[PDB]
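Here is what each chain is made of, one letter per residue.
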Amino acid sequence: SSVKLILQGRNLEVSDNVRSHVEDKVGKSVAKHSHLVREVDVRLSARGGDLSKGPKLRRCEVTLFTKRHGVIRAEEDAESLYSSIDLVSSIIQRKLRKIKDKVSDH
Amino acid sequence: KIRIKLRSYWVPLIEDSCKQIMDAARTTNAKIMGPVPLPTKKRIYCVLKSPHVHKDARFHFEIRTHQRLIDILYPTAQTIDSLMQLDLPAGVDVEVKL
Amino acid sequence: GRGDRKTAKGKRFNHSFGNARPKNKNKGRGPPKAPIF
Amino acid sequence: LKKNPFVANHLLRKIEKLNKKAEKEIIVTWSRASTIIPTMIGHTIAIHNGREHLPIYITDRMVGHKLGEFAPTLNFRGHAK
Amino acid sequence: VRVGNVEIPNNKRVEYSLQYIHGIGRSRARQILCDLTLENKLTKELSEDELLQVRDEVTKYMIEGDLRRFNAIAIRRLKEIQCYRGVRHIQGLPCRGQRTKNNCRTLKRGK
Amino acid sequence: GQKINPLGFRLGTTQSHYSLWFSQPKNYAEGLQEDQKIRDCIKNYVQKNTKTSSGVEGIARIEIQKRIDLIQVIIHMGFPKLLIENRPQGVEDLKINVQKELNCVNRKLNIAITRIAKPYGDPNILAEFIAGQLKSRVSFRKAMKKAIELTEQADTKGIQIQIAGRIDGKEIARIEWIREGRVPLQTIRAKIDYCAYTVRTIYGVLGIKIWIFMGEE
Amino acid sequence: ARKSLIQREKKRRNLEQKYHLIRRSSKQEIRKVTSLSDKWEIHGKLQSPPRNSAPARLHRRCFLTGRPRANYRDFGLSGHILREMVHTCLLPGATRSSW
Amino acid sequence: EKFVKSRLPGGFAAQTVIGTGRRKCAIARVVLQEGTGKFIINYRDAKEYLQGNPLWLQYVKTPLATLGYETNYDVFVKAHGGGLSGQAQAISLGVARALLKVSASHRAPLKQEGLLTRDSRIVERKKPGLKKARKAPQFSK
Amino acid sequence: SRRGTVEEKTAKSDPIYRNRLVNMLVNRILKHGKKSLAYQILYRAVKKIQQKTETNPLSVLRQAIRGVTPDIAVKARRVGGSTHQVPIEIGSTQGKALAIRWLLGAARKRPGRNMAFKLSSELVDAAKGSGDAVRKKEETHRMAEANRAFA
RNA sequence: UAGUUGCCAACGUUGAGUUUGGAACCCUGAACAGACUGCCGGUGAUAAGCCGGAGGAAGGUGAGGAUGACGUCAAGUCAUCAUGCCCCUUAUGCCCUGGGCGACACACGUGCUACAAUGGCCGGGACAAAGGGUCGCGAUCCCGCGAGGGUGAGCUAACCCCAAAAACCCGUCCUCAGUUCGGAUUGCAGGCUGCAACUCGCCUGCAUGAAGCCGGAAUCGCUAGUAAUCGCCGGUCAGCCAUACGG
Ligand SMILES: [Mg+2]
Ligand SMILES: [Mg+2]
Ligand SMILES: [Mg+2]
Ligand SMILES: [Mg+2]
Ligand SMILES: [Mg+2]
Ligand SMILES: [Mg+2]
Ligand SMILES: [Mg+2]
Ligand SMILES: [Mg+2]
Ligand SMILES: [Mg+2]
Ligand SMILES: [Mg+2]
Ligand SMILES: [Mg+2]
Ligand SMILES: [Mg+2]
Ligand SMILES: [Mg+2]
Ligand SMILES: [Mg+2]
Ligand SMILES: [Mg+2]
Ligand SMILES: [Mg+2]
Ligand SMILES: [Mg+2]
Ligand SMILES: [Mg+2]
Ligand SMILES: [Mg+2]
Ligand SMILES: [Mg+2]
């Protein structure tokens, strides 16, 4: 809790039901190490189908800057928007847990 | 007392022409004060490489202008006929009177 | 300082002219300062 | 003061034209950079913003100013509404 | 009330003590002394006749009172007439072509 | 991942300018307009007079050399006789082609067409000999292979060829190149000629970058 | 860099030289005459010429591309296309720099 | 002043002992002469021209502090450009160069002490994309 | 750096006193790249110290560096174990410059009229045992003897 | 080697313009030489090289830069330009006026000016470089407190001008105060550019005199004429929001 959030309509408009789905996922992965991070960067995109040529694909780029010189870069691609958000959140929880295991190595 | 200024970009081109001014005039009886090279100017120019945001990537270039100054004394009819008759290179721009 | 336009340090930074940063000696310095014994 | 204020010819003619008659002949304009001479006092003039013309009555305390100061063209009421 | 319905300090110089008056800036403080051609001594040590000679000459300018009234009516002129610059005062926002996207904390704070 | 154009890299010592003239900075821009109006009309001239073959359709180089009351132009080609000797007025009509936009009676111009020693030693015609086959879609590697086998007659020491764009009609482009001998780009002392050429295919467009090592100097 | 804009600028180039000399006569006429005495007439018929004939309304473009930016009065071309002309041996004296 | 013009008949060009140093875009045309141990710059006193900065008075003297000739000669010089530090320390080389022409035997104390070494370091050029020759701009990662 | 061979700088001396310690003391005063002003801060100070103490200021300055110089410090290390701060000795040149920072550092902090007065009162007090820079010596020296064991 | 539009000296109307002598000084630009571990010692596999004298302006790549391999990110630009296919031809085209790109709860960045005494105001005195300039740069002189307004000497520029370099030195005052620090915001009165200055230009003269007392968690630059700090120039340009960019 007490962490800001940044969305970005790269190639589309950000709806409200989508915004609720974003906060639900990263809210789980970040609530664990909530006292290490201050902000959450997000950038949603869309391509293909009716917009462009090729398969419909929606990207979700997520960057995270902790309170102690921590940098995370996560980028995945899926056929739907929610599925893209889900896969990235799993990657953040993996690397975000990797940091504590190194700090708590003793 | 005909003060002649000539300017150009190329060093081996202007030196050749300056030698021809002496050759055309040395045959005629007339003293010449030696060539005095003035300080050369340099027009710096800056332009971008890309047509997009790439700002730090720049390309500088210059245009060096080598100018020289030669002056004659005690002109004669044989002298003035020798100067006009002389042929110059392409890259020279003579200034015969100031 | 440099932000104070009405001083010579500010006129030089902004490149303007007046009583603070005159052009030469004959320009106006309308109010002078009084002496101090 | 070395030069006179800006007043276009298409406007000056219409203003001067109505002083002979001295009656309301409500008119549209487009030059917002025109200065208000006191001859166009008591009249009503419509000033072209980005969208349309805004009829405004001229008051005696409008002389030195121009027409465009009274014709807003930004149209902002509140935020997030 | 030393002069001009304001209590000025008595330790500072004369030039840099009249400036606390609402109508006296940095140039007017010098013009008064230069007109009176007197030396810039202390405030307390000044004579009575010389200090008297200041009290008569300072009243010629818009020192106080009408100064604050001459301004407030001028800002009131733009509000009732509804100029562009007048509405910005009502909004608590500048009127001299400033950008309002990331600055103007002075007037936004002075709401 | 960007290599500098070797011509601009060697203007000082090795390479020379192909436009020798001078004017003041105020008139420097107008002189370039006169140059392009000349250089452009030659292409419009040689393009229309020729039947659009895969041979001498293009030229090698143009050299402008100005003087007071003269503009000495020198066109360079590999086979002038295909479009100069066939028409006796062809060389003359070129002067009328330029003289209309050039000036009135003053500031005349004479022009010459000099034969280069090796018509294919330069990269100019070597690119067009390739491009003539890509428009007829002979093949990709044959035009690249035949060009390398051709310049051996021109007594070249090294050569490099690059092609970029769409080749097999696929939805994706490719970049294929080849090098033979030695082609040092970072050596200012060496003499290297360079040319870039475009080929308008029925789909998209191609680009041909060529380097020719001729002398260590 | 549309074709209509390039011709649109040629329109202003011709109207300027058409109404060039009279403006200098008017800029001198407006400087001499007293205010409120024929001055509104002088400034009046200063508006009657076409606004397209003004010098300040001009805008230098690239000679080749017709680009409205990155122009150089000494060259007349945009910086990008002008760069390539330096490399491929068309400009006299334009060499790469290092000082 | 007329005093310096009286000692020099034709100026610093037509003289025997001479010194010509340069440092940091500055030039110093030095001419030694037998005198009483004074030091003048451009018809103006040293401390008046140097603003009493002690080190800038040192650098012009350390060529002369050695060899114990601080009283025999009077040194008259010129300056063309650069600031007072460059002009002063350029004169330090110029005054050193002229002592060689007096006698080439004592070249070693000037060399072992490191005075004739022309400090060839110059203000570095500003590069593109940077605020200075080396000051890079700030950017948030 | 990774080389380990740093060139030895040419330690110069002032014109008047002709000692290298004073020039090292001046180079820490300036912060905008001007030396003419530091001497107006220094030559007014050493004169002021002579005005008060009736003795040469050179010995008073040599005594202050002699007293404040700790010749020992503590540095953090975790190559073996977590959060260890074991002592470490200091050379002659390192301890010399290290004392100049503490003196000028305390002079700027303490009140006064000008840096010449703030610097004068610092050296005179620092030489006589009681000085703000001498307190930092005690604090740093305390951490060494406190963590005397290598842990 | 050459000696003016520069350098040295004589003359003084004068330092705006001139004349005379010198090529011996300095600078300007051609042409050469000079620096290569070349010479000596130590060490080294009898090697590469390494550590050191010396000499020399410079010694170990002399300093700085241009210079960017095969390739990576379907990275970037179809709005520099050129382009395949697709799409609009009484509109997705054509010409103009006005508006907008400058709006504003807020948030994220890059910079500028400051919180002062190593400082601030005033007065006097000094010291640069690189650039720009004939529809142009504009001296001197005369008006205005001023921005600017008249006259238009010279300069196609190593001549003349922009052009006062500023920090700094000397002297008076301010003595730790939201202040003689700081110069935001607003009113009044004016000027210049321009057909046009309200939204929406830059400046002058006055008067108002916000916040701010060196700054959390965090985080950036810099290894020598560097960082820090002072000012000058230029390009685009009628003018200029440039505290930028390049020097
Ligand atoms: Mg102030
Ligand atoms: Mg400004
Ligand atoms: Mg006056
Ligand atoms: Mg006041
Ligand atoms: Mg490659
Ligand atoms: Mg314009
Ligand atoms: Mg330089
Ligand atoms: Mg930048
Ligand atoms: Mg960036
Ligand atoms: Mg992509
Ligand atoms: Mg994109
Ligand atoms: Mg296109
Ligand atoms: Mg298209
Ligand atoms: Mg449209
Ligand atoms: Mg914008
Ligand atoms: Mg707006
Ligand atoms: Mg406060
Ligand atoms: Mg304080
Ligand atoms: Mg801060
Ligand atoms: Mg480094």
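Residues numbered from 1 in each chain as written, not as in the entry; some residues may be left out. Chains lettered and ligands numbered in written order. Part of a larger assembly, values for the part shown. Heavy atoms only, no water.

Determination of this PDB entry was carried out by cryo-EM to a resolution of 3 Å, according to the record.

Considerations on the overall build of chain F
A count of helical and extended segments in chain F gives five helices and eight strands. Each helix and strand of chain F, ordered N terminal to C terminal, gives the series α-β-α-β-β-α-β-α-α-β-β-β-β. Whereas a compact globule of 217 residues would reach a radius of gyration of roughly 17 Å, chain F reaches 19 Å, a difference of no more than 12%. Seen through its principal axes, chain F has C-alpha atoms that stretch 55 × 40 × 35 Å. (Helix = DSSP H or I, 4+ residues; strand = E, 2+ residues; numbered from the N terminus. Rg over C-alpha atoms; globule rule 2.2 N^0.38 Å.)

A look at the sheet that holds strand β1 (residues 27–28) of chain D
All names here are of chain D. Read from one edge of the open sheet, three strands run β1-β2-β3, paired in mixed fashion. This sheet does not close on itself; its edge strands, each paired only once, are β1 and β3 (53–57). Pairing geometry for β1 and strand β2 (residues 44–48), over two bridges, is parallel. Across the sheet, residue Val28 finds its bridge partner in β2, namely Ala46. (Pairing = 2+ DSSP bridges.)

Concerning the nonpolar core
Ranked by size, the top nonpolar core spans 33 residues in total, and within it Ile65(I), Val68(I), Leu103(I) and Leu104(I) carry the most contacts. Mapped onto this core, the elements with two or more residues apiece are α1 (20–26), α2 (36–53), α3 (57–68), α4 (92–109), α5 (115–127) and α6 (132–146) of chain I. It is α4(I) that provides the largest number of residues to this core, a total of seven residues. Beyond its immediate chain neighbours, meaning those up to four positions away, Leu104(I) contacts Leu25(I), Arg28(I), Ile29(I), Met115(I) and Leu119(I). Counting 28 residues, the second largest nonpolar core, distinct from the first, contains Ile14(B), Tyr45(B), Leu20(F) and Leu91(G). (Core = buried A, V, L, I, M, F, W, Y, C linked by side-chain atoms within 4.5 Å. Buried < 20%, exposed > 50% of the residue type's maximum accessible area, 1.4 Å probe, protein only. Contact = heavy atoms within 4.5 Å.)

Some points on the sheet that holds strand β4 (residues 44–45) of chain H
One open sheet holds the three strands; their spatial order is β4-β3-β5 (chain H), and the pairing between them is mixed. The open sheet is flanked by β4 and β5 (75–77) of chain H, the only strands paired with a single partner.

With respect to the interface of chain F and chain G
Each partner contributes residues to the interface: chain F has 21 residues there, and chain G has 17 residues. Taken as a group, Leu11(F), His17(F) and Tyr28(F) account for 27% of the area that chain F buries against chain G, more than any other trio of residues on that side. If you look at where chain F meets chain G, you find five residue pairs in polar contact. Counting residues per element, the ones that place at least two in the side of chain F that touches chain G are α1 (6–9) and α2 (25–49) of chain F. In terms of residue count, the dominant contributor to the side of chain F that touches chain G is α2(F) (eight residues). Considering only residue class, the side of chain F that touches chain G consists of eleven nonpolar, eight polar and two charged. (Buried area = accessible area lost by both parts, 1.4 Å probe. Polar contact = N/O pair within 3.5 Å; in protein donor to acceptor, adjacent residues only side chain to side chain. Nonpolar A, V, L, I, M, F, W, Y, C, P; charged D, E, K, R; others polar.)

Brief notes about the packing of helix α2 (residues 21–32) of chain G against helix α3 (residues 39–47) of chain G
Residue and element names in this part refer to chain G. Contact pair α2 / α3: the axes reach a minimum separation of 9 Å and the direction vectors enclose 160°. One element, α2, and the other, α3, form an angle in the roughly antiparallel class. As α2 packs across α3, the resulting crossing turns out to be left-handed. Taking contact as the criterion, the partners of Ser26, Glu29 and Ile30 in α2 are, on α3, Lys39, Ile42, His43, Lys45 and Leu46. In terms of residue class, the contact of α2 with α3 is made up of three nonpolar, two polar and three charged. (Axes fitted to C-alpha atoms, helices over the stretch in contact; angles between N-to-C directions. Parallel < 35°, antiparallel > 145°, perpendicular 65-115°, else oblique. Left-handed = near helix turned anticlockwise from the far one by under 90°.)

Considering the protein's contact with RNA strand J
Lining the immediate surroundings of RNA strand J are 196 residues, of which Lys11(C), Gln186(F), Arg2(G), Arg23(G) and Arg107(H) lie closest. Backbone atoms, meaning sugar and phosphate, make up 79% of the atoms of RNA strand J lying within 4 Å of the protein. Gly1(C) places a polar main-chain atom, nitrogen or oxygen, 2.3 Å from a phosphate oxygen of RNA strand J. In this structure, a phosphate oxygen belonging to RNA strand J sits 2.5 Å away from a side-chain N or O atom of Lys108(E). Among the residues making up the surface near RNA strand J, the classes are represented as 57 nonpolar, 61 polar and 78 charged. (Near = heavy atom within 4 Å.)

With respect to the UniProt feature "domain: KH type-2" in chain F
The positions UniProt marks with the feature "domain: KH type-2" are residues 46–117 of chain F. The span residues 46–117 of chain F is 24% helix and 28% strand, and its two end C-alpha atoms sit 21 Å from each other. (UniProt positions renumbered as here; feature names shortened; annotations may be inferred.)

Topic: the packing of aromatic side chains
All chains considered together, the criterion is met by twelve aromatic pairs over all chains. Aromatic pair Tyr45(B) and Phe61(B): ring centres 5.6 Å apart, planes at 25°, arrangement stacked. Taken together, the residues span a long stretch of sequence, with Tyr45(B) in strand β4 (residues 45–48) and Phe61(B) in strand β5 (residues 58–72) at a distance of 16 residues. The pair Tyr45(B) / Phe61(B) is uniform in exposure class, with both members buried. On the basis of an interplanar angle of 55° and a centroid distance of 6.2 Å, the ring pair of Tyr69(H) and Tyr73(H) is categorised as tilted. Under the relative-accessibility criterion, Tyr69(H) is labelled partly exposed at 34%. Assessed through its relative accessible area of 14%, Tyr73(H) is described here as buried. Over the aromatic face of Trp99(G) sits the side chain of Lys42(B), whose NZ or CZ is 5.9 Å from the ring centroid. For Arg83(G), the ring lying beneath its charged end belongs to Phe59(B), and the centroid distance is 4.9 Å. (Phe/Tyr/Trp six-rings, centres within 6.5 Å; stacked < 30°, edge-to-face > 60°. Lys NZ or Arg CZ within 6 Å of the ring centre and 35° of its normal.)

Observations regarding the arrangement of the chains
Separating chain B from chain E is a minimum C-alpha gap of 24 Å, and the two share no contact. At their nearest point, the C-alpha atoms of chain E and chain G are still 23 Å apart, with no contact between the two.

Topic: helix α4 (residues 79–87) of chain G
Within α4(G), the full set of buried residues consists of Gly79(G), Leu82(G), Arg83(G), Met85(G), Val86(G) and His87(G). Tucked into the core, α4(G) has its buried residues touching β4 and β5 of chain B, α1 and α2 of chain F together with β1 (94–96) of chain G.

Observations regarding the pattern of salt bridges
By the definition in use, this model includes 32 salt bridges over all chains. A salt bridge links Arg110(I) to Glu122(I); the shortest N-O distance between them is 3.2 Å. With a gap of twelve residues between them, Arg110(I) in the loop between α4 and α5 and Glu122(I) in helix α5 connect regions that are remote in the sequence. Given a relative accessible area of 26%, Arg110(I) falls into the partly exposed group. Through salt bridges with shared partners, one network takes in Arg59(A), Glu61(A) and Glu75(A). (Salt bridge = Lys/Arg side-chain N within 4 Å of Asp/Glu carboxyl O.)

Concerning the pairing of strand β2 (residues 27–30) of chain H
The two faces of a sheet get side chains in turn, since along a regular strand they alternate between them. Residue and element names in this part refer to chain H. Only one face of β2 is covered, namely the face carrying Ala28 and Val30; the face carrying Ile27 and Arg29 is uncovered. As paired strands, strand β1 (residues 19–22) and β2 are joined by four bridges and run antiparallel to one another. Bridge pairing in β2 links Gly21 to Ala28. In textbook terms, the turn of a hairpin is the stretch between consecutive antiparallel strands, and for β1 and β2 this stretch comprises four residues, one of which, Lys24, has a positive phi near 55°.

Quick word on the interface of chain D and chain G
Listed as interface residues are eight residues of chain D and, on the opposing side, seven residues of chain G. Between chain D and chain G, roughly 620 Å² of surface is buried when both sides are summed, and carbon and sulfur atoms account for 44% of that area. Area buried by chain D at its contact with chain G is led by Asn4(D), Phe6(D) and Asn9(D), which between them contribute 62% of it. Run the count over chain D and chain G and you get zero salt bridges. Linking chain D with chain G are one residue pair in polar contact. Grouping the amino acids of the side of chain D that touches chain G by side-chain chemistry returns five nonpolar, two polar and one charged.

So, the packing of helix α4 (residues 123–135) of chain F against helix α5 (residues 141–151) of chain F
Residues and elements named next belong to chain F. Relative orientation of the contacting elements α4 and α5 amounts to 150°, with a least axis distance of 10 Å. Between α4 and α5, the angle falls in the class roughly antiparallel. For the pair α4 and α5, the sense of crossing is right-handed. Facing α4, whose interface residues are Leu126, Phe129, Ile130, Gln133 and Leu134, α5 presents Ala143, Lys146, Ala147, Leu150 and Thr151.

A closer look at the side chain of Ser29(A)
Residues and elements named next belong to chain A. Tracing the backbone through its elements, the reader meets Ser29 in helix α1 (residues 16–32). Of the polar contacts made by the side chain of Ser29, one reaches the backbone oxygen of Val26; its length is 3.2 Å. If near-sequence neighbours (up to four positions away) are discounted, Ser29 is found in contact with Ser89, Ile92, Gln93 and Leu96.

A few points about unusual backbone geometry
Residues other than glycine seldom take positive phi values, yet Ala80(D) does so here, at roughly 65°. Relative to the helices and strands, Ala80(D) is located in the segment after β3. Exposure remark for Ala80(D): the relative accessible area of 68% places this residue in the exposed category. Located in the positive-phi region is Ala70(G), a residue other than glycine, with phi close to 65°. Accessibility expressed as a relative area gives 40% for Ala70(G), which makes it partly exposed.

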